[PDB]
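In what follows, a structure is listed as structure tokens, so that the remarks can point back to it.
Chain naming here is simple, since letters A, B, ... match the order of the sequence lines and numbering starts at 1 in each.
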Amino acid sequence: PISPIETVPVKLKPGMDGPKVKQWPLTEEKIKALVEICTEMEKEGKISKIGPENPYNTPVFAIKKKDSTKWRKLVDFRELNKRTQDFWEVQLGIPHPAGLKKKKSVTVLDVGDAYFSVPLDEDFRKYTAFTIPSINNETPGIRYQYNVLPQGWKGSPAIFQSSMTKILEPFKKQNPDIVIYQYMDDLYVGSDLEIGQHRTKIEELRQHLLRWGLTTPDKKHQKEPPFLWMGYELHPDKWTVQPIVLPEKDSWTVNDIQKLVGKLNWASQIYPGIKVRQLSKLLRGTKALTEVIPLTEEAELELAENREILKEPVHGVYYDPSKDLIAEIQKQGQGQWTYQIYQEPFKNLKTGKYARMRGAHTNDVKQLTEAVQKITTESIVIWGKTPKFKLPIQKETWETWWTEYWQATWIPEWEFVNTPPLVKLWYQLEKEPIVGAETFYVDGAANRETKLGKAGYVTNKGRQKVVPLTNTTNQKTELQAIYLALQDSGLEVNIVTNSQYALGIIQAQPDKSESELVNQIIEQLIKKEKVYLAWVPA
Amino acid sequence: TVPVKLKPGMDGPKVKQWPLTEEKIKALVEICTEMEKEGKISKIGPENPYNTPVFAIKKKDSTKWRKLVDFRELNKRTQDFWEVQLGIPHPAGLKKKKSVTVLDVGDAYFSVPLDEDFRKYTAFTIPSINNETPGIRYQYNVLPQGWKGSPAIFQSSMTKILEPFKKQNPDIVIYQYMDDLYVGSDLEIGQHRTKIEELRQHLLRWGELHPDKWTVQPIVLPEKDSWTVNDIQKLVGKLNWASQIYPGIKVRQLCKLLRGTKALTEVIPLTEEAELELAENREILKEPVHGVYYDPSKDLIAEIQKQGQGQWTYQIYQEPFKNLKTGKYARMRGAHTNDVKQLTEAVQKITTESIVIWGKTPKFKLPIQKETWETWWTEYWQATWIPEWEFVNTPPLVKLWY
DNA sequence: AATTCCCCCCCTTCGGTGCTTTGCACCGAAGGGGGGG
Ligand SMILES: Nc1ncnc2c1ncn2[C@H]1C[C@H](O)[C@@H](COP(=O)(O)OP(=O)(O)OP(=O)(O)O)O1
Ligand SMILES: [Mg+2]
């Protein structure tokens with residue numbers, strides 16, 4: 001029925017009126033369910049007939065539920081959503097099975113007709129007017145207004161969530177030894193009681209919900225494992241994702257690649273070693289969604305590896321508060337990292353990847369710090385605490401990096417694990433000039449109008465070399481001058497530059513960059529033994 | 001009830017809540033349950049479109065959790081400033097005091113009801129572990145702690161409370177900023193605690209910094225007997241940069257030795273003219289720069305640099321190259337194995353000094369990645385205020401602040 | 001050419017901002033996708 005709970009007062013934005021949109025034509029197959037649906041709701045008082053006193057209207061349509069036999073009735077409330085007051089969303093995230101604990105007895109409940117059981121504010125009801133078009137044509141359609149929360153209105157989710165929280169609070173107050181995960185109308189109820197007492201308490205909860213007009217049909221009530229909860233299969237002592245199907249097509253379009261990348265990202269939370277960079281590299285520079293993209297050799301190999309990974313079945317375990325959280329990080333190459341969070345070895349609580357490229361130039365240590373930060377945030381969200389990290393970086397390397405770096409950086413309590421490839425810095429800049437080396441005073445300029453410039457060096461021995469540069473910039477010319485100095489020098493060099501930009505780039509010790517010139521400079525810097533780079537004002 | 005209104009044309013805070021650890025969430029839940037039982041806060045719904053972040057801190061040697069609300073956006077949008085809120089912007093005698101004690105008087109704010117039309121702007125959300133339930137929304141019914149208008153409305157009551165004490169002790173300067181009371185006296189180091197205890201008893205009935213040990217750090221120059229080309233190049237660059245701060249830096253006869261390509265390692269004998277010039281330049285560098293004065297209209301900017309080995313340098317200024325204050329914060333021990341904790345302590349110390357000296361918290365240019373700070377700064381924060389900060393992503397040059 | 005809403009995530013793109021060498025680096029919002037109800 002309709003909940004006796006109090007309505008939430010809703011108002012339009014100041015100076016705005018209700019929508020007056022016209023209903024678009026609908027197929028005859030659609031206008032057999034809406035008429036069937038609207039007849040039913042009108043019987044239960046969820047919608048009310050209106051006359052000519054209401055000048056508002058809004059298009060309605062219908063889609064198919066996951067049942068594939070019922071129809072979900074939706075209203076295109078975009079115009080009303082524009083003029084509706086702002087709400088604050090109370091859903092701050094998504095529950096994860098890895099944050100669940102071992103419970104002897106588990107049940108899952110779904111509220112039937114969730115939104116249509118919560119009343120709508122009386123003064124806001126007139127703005128939800130809609131028309132059900134007549135079959136074929138003629139005989140103008142019946143006009144209704146919503147007495148309950150409509151589907152498609154931007155205020156419905158928050159209002160329903162608050163109403164459900166208010167309904168559940170009296171039950172949870174008097175039953176503190178029972179865990180209730182509440183997501184919209186989906187309720188996961190877990191307890192350590194025996195099955196008989198658990199079923200008695202579930203019946204009590206169902207009666208309490210029915211007292212507030214929230215019905216829980218037996219069709220959507222699960223009592224035996226595995227439980228289909230929030231996209232996962234929950235067993236007594238393990239959890240899995242519901243089966244993930246990857247397309248097996250021969251010709252790939254942009255939309256297909258996007259769907260595959262999204263599905264692989266979803267599957268990466270429990271399947272270890274998922275790589276997606278090569279596939280996602282095909283999505284840049286392409287405009288049309290239906291444009292066919294030939295699969296590159298690198299993308300095909302990564303797709304084959306991912307298909308290999310998904311072949312075997314993997315499972316995750318439940319959280320144990322009495323044990324310790326350990327997050328192990330592995331390098332995957334080309335700025336890709338994987339991580340496994342577990343409490344016991346070879347029993348993963350969850351898995352994940354980090355492959356975000358931040359900054360034009362960066363090294364492995366910065367990316368490892370970013371991955372640690374992401375894992376820390378995710379662990380705080382899920383379990384409420386930071387794990388102990390197993391990183392493939394030596395303690396001396398981290399000590400040198402964080403003591404010589406100009407930024408305040410930190411990694412929480414961690415220990416070194418010897419799993420190659422190891423994280424290291426590929427070169428170091430001397431803090432003092434090298435005695436007996438050769439000194440290259442490098443210069444580089446470029447006029448801003450003609451976009452031509454010069455870049456060269458002079459050494460104390462008496463060698464000079466200038467190379468004109470076309471379609472360059474002053475920063476590019478300075479970088480090119482440093483590159484010339486690195487190229488023409490020996491195994492030890494003392495480079496003196498007038499560029500703060502080039503020095504600031506080089507001092508960060510990057511090993512990958514978005515600029516090819518910086519990449520060549522890095523390759524040259526790796527070869528040398530001692531390099532001293534100094535700044536001098538022009 | 002004192003009506004409060006936002007600054008004309010402003011909307012209200014709509015800041016999202018960041019995730020919290022389990023202990024912080026448990027402490028917040030207990031504290032907010034007690035507060036709602038006592039009527040200080042009330043549960044609200046989603047029809048309130050405003051939100052501000054909340055978290056919990058354990059104050060220095062307290063073993064008791066305290067709820068802190070980040071009212072920075074609400075503070076920047078509130079007009080309640082006709083009431084200076086400080087009783088005259090700033091006692092200019094607090095900085096020249098032997099000892100200053102900071103006391104927490106924010107609980108006294110929990111007895112003054114807040115204006116009904118303004119309560120909706122004080123809404124906050126408590127999250128849940130593993131998103132088990134939707135976050136619980138509350139709004140304040142009394143004057144909140146951390147809002148700049150709370151001292152502005154309790155100001156009359158605060159002055160009434162302290163009159164029996166201030167009149168009896170005319171040699172003690174009392175300043176109020178947010179929930180903090182700064183008590184500065186020039187008495188003996190023990191008599192100061194005696195007076196502080198008397199003031200605490202007086203406050204209870206009615207319902208330690210050392211600013212004289214604060215010294216600026218002037219820009220210095222290296223002292224060497226034999227000078228190489230590299231040393232002169234590093235010194236010329238330092239003097240050229242310092243010429244922007246101290247007009248009158250010559251550095252013209254020192255650049256003559258830097259003519260012609262030359263080895264960075266070999267030594268250069270300084271000429272008598274170069275030596276004189278360097279001595280004069282050092283003489284100019286040991287005197288404080290004149291022509292710089294604090295402007296109450298403009299805001300304060302604090303820059304922090306990491307010098308390594310547990311050393312940080314900071315400059316508080318209103319205009320570039322005109323530093324109102326320069327200083328160094330050092331806490332090494334065994335490097336403390338934590339840069340974020342050191343930076344947080346430095347920020348708190350600099351903010352306390354700024355409040356004592358000018359009565360305003362500065363805007364910080366933190367030398368840290370944003371994500372690290374937002375992840376870890378709440379674990380070491382111990383102050384009831386939160387200054388505005390921005391994050392730099394550009395590395396400084398060869399640091400001249402040492 | 002089917003048209004809806006809210007939430008979290010990833011990956012790419014484009015415009016805004018700041019310091020400076022008016023280019024270059026960084027960041028946030030919006031587009032696509034995945035998942036949930
Ligand atoms: N596609 C959607 N568009 C808009 N709102 C939706 C959509 N899917 C779900 N919701 C919202 C409105 C629903 O009332 C609420 C609960 O979802 P769901 O249980 O699938 O529907 P329901 O409770 O109306 O039907 P049922 O009787 O099948 O349980 O979530
Ligand atoms: Mg349902």
Side-chain angles (χ1 to χ4, degrees), chain A residues 21 24 26-27 58-63 65 72-81 84 87 89-96 110-111 114-115 149-161 164 182-187 228-232 241-242 244 254-269 276-277 279-286 289 352-356 358-361 374 378 381 444-446 448 472-478 498-502 504-505 514-515 538, chain B residues 46 131 134-135 320 369-371 390-395:
Chain A
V21 202
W24 53 63
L26 288 171
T27 85
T58 303
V60 285
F61 60 108
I63 66 174
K65 294 181 160 151
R72 178 186 309 280
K73 158 186 201 327
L74 308 163
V75 202
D76 185 19
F77 268 135
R78 271 173 301 189
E79 197 59 66
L80 180 61
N81 287 343
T84 313
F87 294 84
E89 309 302 323
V90 281
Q91 196 58 56
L92 314 180
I94 321 280
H96 202 275
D110 203 86
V111 175
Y115 280 13
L149 289 186
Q151 306 189 44
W153 181 48
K154 82 156 173 220
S156 287
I159 289 173
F160 178 82
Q161 277 150 13
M164 173 65 88
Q182 167 214 331
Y183 189 87
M184 205 70 81
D185 56 317
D186 222 31
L187 304 189
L228 307 177
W229 178 72
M230 292 264 315
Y232 306 95
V241 282
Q242 271 163 33
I244 284 143
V254 172
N255 224 30
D256 298 333
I257 299 293
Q258 291 167 339
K259 296 169 183 295
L260 178 85
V261 165
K263 256 144 181 272
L264 285 168
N265 283 329
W266 166 252
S268 92
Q269 82 199 303
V276 90
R277 158 146 316 185
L279 279 154
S280 96
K281 203 173 292 301
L282 317 175
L283 297 177
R284 27 171 82 160
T286 71
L289 251 51
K353 54 164 217 81
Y354 176 83
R356 172 153 128 140
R358 312 185 56 290
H361 341 273
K374 185 236 187 148
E378 177 196 345
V381 168
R448 298 257 164 161
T472 50
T473 328
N474 280 283
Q475 286 105 318
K476 287 214 222 338
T477 50
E478 296 150 353
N498 308 138
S499 182
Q500 300 122 291
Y501 160 89
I505 283 187
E514 285 166 12
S515 150
Chain B
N131 296 109
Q369 230 59 32
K370 176 206 223 90
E371 280 76 20
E390 89 189 51
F391 309 92
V392 319
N393 320 112
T394 286

### Task
Determine the Euclidean distance between corresponding P atoms of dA29(C) and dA1(C); express it in Å to zero decimal places.
33 Å

### Message
For a quick check of understanding: with a heavy-atom distance under 4.0 Å over all strands, which category does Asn131(B) fall into, base, sugar-phosphate or nothing?
### Response
nothing

### Query
Any side-chain heavy atom of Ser156(A) within less than 4.5 Å of one from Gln151(A)?
no

### North (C3'-endo side) or south (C2'-endo side) for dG32(C) via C1'-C2'-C3'-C4'
north

### Query
With ring centroids as reference points, do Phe87(A) and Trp153(A) lie under 6.0 angstrom apart?
yes

### Query
Is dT4(C) syn or is it anti, if syn means the base angle is within 90 degrees of 0?
anti

### Query
What's the CD-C1' distance between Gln269(A) and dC10(C), to the nearest Å?
13 Å

### Query
Between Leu279(A) (CG) and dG34(C) (P), how many Å, whole number?
15 Å

#### Entry: Gap in Å between the two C1' atoms, one belonging to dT22(C) and one to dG16(C), rounded
15 Å

### Query
What's the CD1-P distance between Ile63(A) and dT4(C), to the nearest Å?
10 Å

### Query
What integer number of Å spans the P atoms of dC26(C) and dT20(C)?
16 Å

### Side-chain N,O (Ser280(A)) to OP1/OP2 (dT12(C)) below 4.0 Å
yes

### Message
As an exercise, state the distance from NZ of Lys353(A) to CZ of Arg277(A), rounded to the nearest 0.5 Å.
### Response
8.0 Å

### Task
Output the single nucleotide from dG28(C), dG32(C), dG37(C) whose closest atom is nearest the side chain of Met230(A).
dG37(C)

### Query
So, is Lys154(A) near the phosphate of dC6(C), with a side-chain N or O under 4.0 Å from OP1 or OP2?
no

### Task
Check whether any side-chain heavy atom of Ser499(A) lies under 4.5 Å from a side-chain heavy atom of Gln475(A), and answer yes or no.
no

### Separation of atom CG in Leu74(A) from atom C1' in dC6(C), rounded to whole Å
13 Å

### Task
Using a heavy-atom cut-off of under 4.0 Å over every strand shown, decide if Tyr183(A) touches base, sugar-phosphate, or nothing.
base

### Query
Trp24(A) CH2 to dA1(C) P: how many Å, rounded?
15 Å

### Pseudorotation half of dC5(C) (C1'-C2'-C3'-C4': positive north, negative south)
north

### Message
When the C1'-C2'-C3'-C4' sign is the only test used, does the sugar of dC7(C) come out north or south?
### Response
north

### Message
I'd like to know if the side chain of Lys154(A) reaches the main chain of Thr84(A), judged simply by a donor and an acceptor atom lying under 3.5 Å from each other, with no hydrogens or angles considered.
### Response
yes

### Message
Rounded to whole Å, please give me the gap between CZ in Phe61(A) and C1' in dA1(C).
### Response
13 Å

### Message
I'd like to compare against my own output: the B/S/- annotation of nucleotides 19-26 of chain C with a strict under-4.0 Å heavy-atom distance to protein.
### Response
S-BSSSSS

### Task
Would you kindly give the NZ-to-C1' distance between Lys65(A) and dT4(C), to the nearest whole Å?
15 Å

### Message
Based on whether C1'-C2'-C3'-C4' is positive or negative, which pucker family does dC8(C) belong to?
### Response
north

### Message
Are the side chains of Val381(A) and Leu92(A) in contact, using a 4.5 Å heavy-atom criterion?
### Response
no

### Query
Are a donor atom and an acceptor atom from the side chains of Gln269(A) and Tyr232(A) found within less than 3.5 Å of each other?
yes

### Query
Across the strands shown, which category fits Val276(A) at heavy-atom distances under 4.0 angstrom: base, sugar-phosphate, nothing?
sugar-phosphate

### Query
Of all the choices, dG37(C), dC7(C), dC10(C), which nucleotide is nearest to the side chain of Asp110(A) once you look at every atom?
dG37(C)

### Query
What do you reckon, do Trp153(A) and the base of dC5(C) stack, with centroid distance below 5.5 Å and planes below 30°?
no

### Task
State which of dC6(C), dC10(C), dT13(C) makes the closest approach to the side chain of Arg284(A).
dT13(C)

### Task
Flag the pair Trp24(A) / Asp76(A) as yes when at least one side-chain heavy-atom distance between them is below 4.5 Å, and no otherwise.
yes

### Touch class at under 4.0 angstrom, heavy-atom based, for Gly262(A) against every strand present
sugar-phosphate

### Query
For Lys263(A) and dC10(C), is the shortest distance between a side-chain N/O and OP1 or OP2 below 4.0 Å?
no

### Query
Can you name the residues that form a side-chain contact (heavy atoms from CB on, under 4.5 Å) with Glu79(A), not counting sequence neighbours?
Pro19(A), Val21(A), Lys82(A), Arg83(A)

### Rounded distance in Å between the P positions of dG32(C) and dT4(C)
11 Å

### Task
Verify the contact: side-chain N or O of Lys374(A) to OP1 or OP2 of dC10(C), cut-off strictly under 4.0 Å; return yes or no.
yes

### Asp185(A) CG - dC6(C) P separation (whole Å)
18 Å

